[PDB]
Amino acid sequence: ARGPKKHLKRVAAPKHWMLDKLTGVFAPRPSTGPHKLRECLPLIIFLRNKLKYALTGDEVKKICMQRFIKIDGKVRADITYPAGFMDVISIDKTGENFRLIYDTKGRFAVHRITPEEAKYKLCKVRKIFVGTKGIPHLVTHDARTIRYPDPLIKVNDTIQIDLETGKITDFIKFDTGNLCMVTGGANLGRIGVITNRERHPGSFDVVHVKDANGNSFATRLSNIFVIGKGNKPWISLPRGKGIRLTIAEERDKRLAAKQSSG
Amino acid sequence: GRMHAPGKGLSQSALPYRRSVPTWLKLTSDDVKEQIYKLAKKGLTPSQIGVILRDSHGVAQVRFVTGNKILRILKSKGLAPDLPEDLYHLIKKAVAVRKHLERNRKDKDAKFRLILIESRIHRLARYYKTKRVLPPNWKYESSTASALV
Amino acid sequence: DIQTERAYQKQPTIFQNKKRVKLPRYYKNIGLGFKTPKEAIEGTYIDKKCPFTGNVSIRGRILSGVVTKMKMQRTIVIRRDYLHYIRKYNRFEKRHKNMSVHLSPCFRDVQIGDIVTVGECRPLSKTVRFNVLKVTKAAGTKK
Amino acid sequence: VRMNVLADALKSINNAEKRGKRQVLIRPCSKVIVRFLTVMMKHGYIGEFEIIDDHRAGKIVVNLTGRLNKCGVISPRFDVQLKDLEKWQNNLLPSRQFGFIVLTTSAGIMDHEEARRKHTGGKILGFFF
Amino acid sequence: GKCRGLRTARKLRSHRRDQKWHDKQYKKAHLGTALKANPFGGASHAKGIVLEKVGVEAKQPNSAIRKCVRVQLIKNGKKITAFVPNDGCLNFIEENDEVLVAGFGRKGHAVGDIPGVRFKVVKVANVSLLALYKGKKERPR
RNA sequence: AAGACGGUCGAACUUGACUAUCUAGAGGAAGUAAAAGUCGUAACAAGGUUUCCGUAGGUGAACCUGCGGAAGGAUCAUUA
RNA sequence: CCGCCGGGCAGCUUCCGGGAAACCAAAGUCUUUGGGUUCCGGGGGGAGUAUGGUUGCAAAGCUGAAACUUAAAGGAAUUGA
RNA sequence: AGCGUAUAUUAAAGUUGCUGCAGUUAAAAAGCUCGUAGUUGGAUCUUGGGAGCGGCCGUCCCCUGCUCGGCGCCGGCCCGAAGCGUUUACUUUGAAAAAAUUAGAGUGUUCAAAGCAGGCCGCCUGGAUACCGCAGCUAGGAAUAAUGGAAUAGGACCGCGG
RNA sequence: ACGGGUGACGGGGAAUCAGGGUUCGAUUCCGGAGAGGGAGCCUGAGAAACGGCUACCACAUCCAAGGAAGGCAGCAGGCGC
């Protein structure tokens, strides 16, 4: 390497894209954007592989160059634009709106939302900051810089922003007894209520989360997103509601629905 | 088996079960302590004090008559000699062998037995260094080992 | 006593020419529950590389060896012992790795054999990357 | 010199059993020996035993039955993980039906059956079958 | 195993590491000299030019002559006695013919009653000896 | 702009020095394999002087002899 | 003179047990294999040779290969001559 | 629709032996003791108690203290949170761990090697899961094995001069 | 340790396997290094780049003899081995 790399081989592509082997050598290396390369869903992948609207990368090119698809209330004419967590994908001509939040397993589900819910999103604040005139500053998980915020919002809270104005409406404080979706590690997509936070000065602080059915699991603080106050999520969830039942239970449910079909 | 010999000798003391002092003994803790003080100040090792007591006065063991060991009595009173009374005896022997060997030059046996005694001095000296009975600077050197009596 | 080197030795943060009509001292608690020791606050020595009265931040690892050598200038060699586990023979082997570590004149008397706790800092010299943060006097050592 | 005390205790039981004695004398007794022999007894390979108590290391007189084949030590005391009990008791024990590996866990000194039961590793001391 | 301490790993390992040299096959592989001395230089076969034919007298109780041929390797220039196997196969091999030469079977050890012959001829000027023997190919004129 | 002084990084060239490998080798000297050559007979039966060991001298050749060992000896033993 | 205890040089005896056996209360307690530790062996030759190092005045000592050759060399015991 | 040969290498090889080899005579124990690293080191310090439930038996819970709220009760008792608590190995748990391969669940690529597809008269569905030594991180346990505390009392605690 | 050797780029992995293990891993994925051998630099956010430039060493093409131009361990293909 003598500079930045531009090709991403299909075997090196993040596993949650569920890309087949015998299609090609390469996968779409996501163009730089708000979310990380590893943890996004490129617009070509979501449009062609998941929705099956297009068949080839040229067909996706033909769609995205007619200004149809709108990511977070702005038109994105880049077929490998990184669409990541909490992002709101509205297609106007079809009349359909998707919020990219995780399946109960470590992948992105294709969760349809209503016109009135596809008008805002939840942003995890990353670092608070003072500018060049004692003007306070936020930085969120999706690279948004919000200045003149509410003077109580701190480094691990969640803010609800509007996708026209880009201004803070209401916020959920990071407390014990607040709903959190886990957005990294083994427990990727698990929804549960924060039970404890265990402080380790110099190391990564681990946070205990309780599922609805009394399933207790820990995650590092970085891989947690407060998505609701109490047991009330301020968004709509996929079918499953983030439980991640065992493989024996998933089998039982599968062949239950199978034998019921007959 | 012995440290520096092929022998496997089984000959030592056999203490009885009952640690209780017998009825006939009228010597109390302070009376034997006065006796031990007198014997040590006369010029006598913890070993020789112990045998004098059990032979003549009839003191089975001082650890039962008193609550202390003879050296802990003497080092509490401040009558304990500095370098211990087994390290002392090993140096004393080693000087006695070397003084013989300086004259009788062709004594190859005395040369071999001197090496064995000195290996035993070093090996016990370093035990006392770790247990802080000696300074870390303490040296056994045959040049000025006779300065130690 | 101090200012032996040709350049003037001062804590460069504190200003010592305030017109009037004792010298002040800059220090810091270096986090992770380490007591900024008494000699740091009440000494008159100068050190760039003291974690208390200098410009080094402690971050990363916190390791501990035994003091081996104290024959170089404001630096010591600690000896770190561990058991490496060979897999074929279900047994260990005794290894060691001795590192040059920066000792502040803050810790006034450390004896070779003392137990040290060291915090990772930026590279201080060619081989020095750690700083002595607390000393625990070796078994007994009262007299 | 006497570096392993459990090793000599179990060898002296083994020779006494082979020779066809009704009871045996173990010289330097210890918690680990008494805790080994209680595990043996609890399954019923030895009868009762009486630890003779001088003001030193004690002595044990063990009532032997004729239903013990072998009782052996494993020195050194290896760190048997729970996932390694199988591959230890595969090559140490005669069958999957009888025989026991006593190993010193955090709970106490107990056989592979109870170590599996309580979900615990530890260190192998010996075996009896 | 003799020493059984729980940290005697470098002892047991270093002991075994030293004592593997006393194995005849291990040393013959891991020292250079066997490969450095091997005419083939650690290869399956080798091509070489026939420079004369030779009648090697067989060993004891066996009483015969062996239809060997003296061959010079192309890549080394080392000289080799190669045994021409089957009955009257020496009549297809004339001099200045390049031959393909294999080992006999026993990995640089003299096979049968043929004294000091490691190698055997398999091809004669790009034609198999099996082919020229069984009458499948004729010699390239 | 060409050009020049100096510094610097520095390929490479010049004469020596050492050393890793290849290779010719008068000639010397061994070990080995070789169907019946010569000179003996050192060893295995007390092998015709019991054999072997360490060291030293000697000799066509196996070997011989001195000093001190060993039984793997040809004596588990020899009598008041 | 008669016995007992502990260390030592040995002896006799037996289905302790082992071992290929001769035999060994140790050369036993070993597929029912794990008390502690040092040295050291890997078919027979080539060869304790060559070479390098080191020690010695010399003789020589300690460390110590390879190419190449070879299907056996050898151990205990049996029956013959 | 393949089989023979040559060579490197694995199992056979318990002929490299950690599991697991041998050392009187088959190959092998330094001539003999001394000795620093290395390796290994005797016994000994918490046993014993409260109460539950099934048929004397079996398992379930109960064993160190010193500032901010309500289950509340009346400055208190309780429960909680931010701190504290000789070190170390050991063991179990959690986190963090690229895919591909390997193991492995689903699925008639006509079977199979593979592949990640597919299935039902627009709809319904997958794309799981385990494994990843050692070192580092985290939380329980305290048998086993190291290590520390008072012995010139410069000992712990409690109070008074300061 | 220092030095020397590697038919040594490292790892994910591969072959063989009772349980241990032994051998392989140039080879499509990740990381590194190189563009005939060394060295020096321009431009640019990023190069000590070679399908960039400047020297010397080795080789080598075209010459109106003054000069001009080189770099397959890219895809094909040729000689040598």
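Cβ atoms come from the backbone with ideal geometry, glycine included; neighbour counts cover every protein chain shown. Quick note: the coordinates plus some simple rules give every number you see, no bench work behind them.
General remarks:
One line per residue, one yes/no per condition, for (1) among the hydroxyl-bearing types (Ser, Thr, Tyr); (2) surrounded by fewer than 16 Cβ atoms within 10 Å (Cβ to Cβ):
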position	(1), (2)
B:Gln35	no, no
B:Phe64	no, yes
B:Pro84	no, no
B:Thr130	yes, yes
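- Pairs with Cβ under 7 Å, 6+ apart, first in the range E:1-28 and within 12 Å of another protein chain (Cβ to nearest Cβ), second part of a loop (DSSP other than H, G, I, E, B) and of a type in the set (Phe, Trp, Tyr): E:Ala9/C:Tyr89; E:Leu12/C:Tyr89; E:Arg13/C:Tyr89
- Here E:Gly41, E:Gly116, E:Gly88 are screened, and the one residue that is within 13 Å of RNA strand H (Cβ to nearest atom) and either within 14 Å of chain C (Cβ to nearest Cβ) or among the small types (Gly, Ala, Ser) (or both) is E:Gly41.
- Scanning the range C:57-111 for residues being within 14 Å of chain E (Cβ to nearest Cβ) and assigned to a strand (DSSP E or B) gives a total of 10.
- Scan the range A:215-257 for residues that are assigned to a loop (DSSP other than H, G, I, E, B) and not aliphatic (A, V, I, L, M) and the total you get is 11.
- Scanning the range D:14-33 finds one or more residues that are touching a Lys or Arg at 6+ places or on another chain (Cβ under 8 Å), over 28 Å from C:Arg87 (Cβ atoms) and assigned to a helix (DSSP H, G or I).
Condition check ((1) farther than 30 Å from A:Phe204 by Cα; (2) of a type in the set (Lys, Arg)) across all residues:
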| site | (1), (2) |
| --- | --- |
| C:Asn17 | yes, no |
| C:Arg25 | yes, yes |
| C:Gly33 | no, no |
| C:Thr36 | no, no |
| C:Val66 | no, no |
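- Scan of the range A:1-34 for residues that are of a type in the set (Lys, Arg), within 25 Å of A:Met86 (Cα to Cα), within 13 Å of RNA strand H (Cβ to nearest atom) and surrounded by 10 or more Cβ atoms within 10 Å (Cβ to Cβ), ordered by number: none
- Any hit, the range A:19-29, residues being of a type in the set (D, E, K, R), more than 16 Å from RNA strand F (Cβ to nearest atom) and more than 25 Å from A:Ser90 (Cα to Cα): yes
- Scanning the range D:56-96 for residues that are among the polar types (S, T, N, Q) and within 14 Å of chain E (Cβ to nearest Cβ) turns up just one, D:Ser75.
- Qualifying position, being more than 16 Å from RNA strand F (Cβ to nearest atom) and within 28 Å of E:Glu94 (Cβ to Cβ), among E:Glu52, E:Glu57: E:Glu52
- Of the residues making up the range B:6-21, just one is surrounded by 10 or more Cβ atoms within 10 Å (Cβ to Cβ) and more than 14 Å from chain D (Cβ to nearest Cβ), namely B:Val21.
- Restricted to the range A:45-99, and to residues there that are in contact with a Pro (Cβ under 9 Å, 6 or more places away or on another chain) and of a type in the set (D, E, K, R), the residue that is farthest from A:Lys167 (Cα to Cα) is A:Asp87.
- The listed residue being of a type in the set (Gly, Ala, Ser), more than 14 Å from chain E (Cβ to nearest Cβ) and within 11 Å of RNA strand G (Cβ to nearest atom), out of D:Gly121, D:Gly99: D:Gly99
- Near pairs, Cβ below 8 angstrom, 6+ apart or cross-chain, from the range C:31-48 (more than 14 Å from chain A (Cβ to nearest Cβ) and on the phi > 0 side of the Ramachandran plot) to any residue that is crowded, with 17+ Cβ neighbours inside 10 Å and among the acidic types (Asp, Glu): none
- Residues within the range C:35-55 that are more than 26 Å from C:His96 (Cβ to Cβ), out of contact with any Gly (no Cβ under 8 Å at 6 or more places or on another chain) and either among the acidic types (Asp, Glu) or assigned to a loop (DSSP other than H, G, I, E, B) (or both), tallied: 13
- Condition met for A:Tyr81 (aromatic (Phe, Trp, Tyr) and crowded, with 19+ Cβ neighbours inside 10 Å): yes
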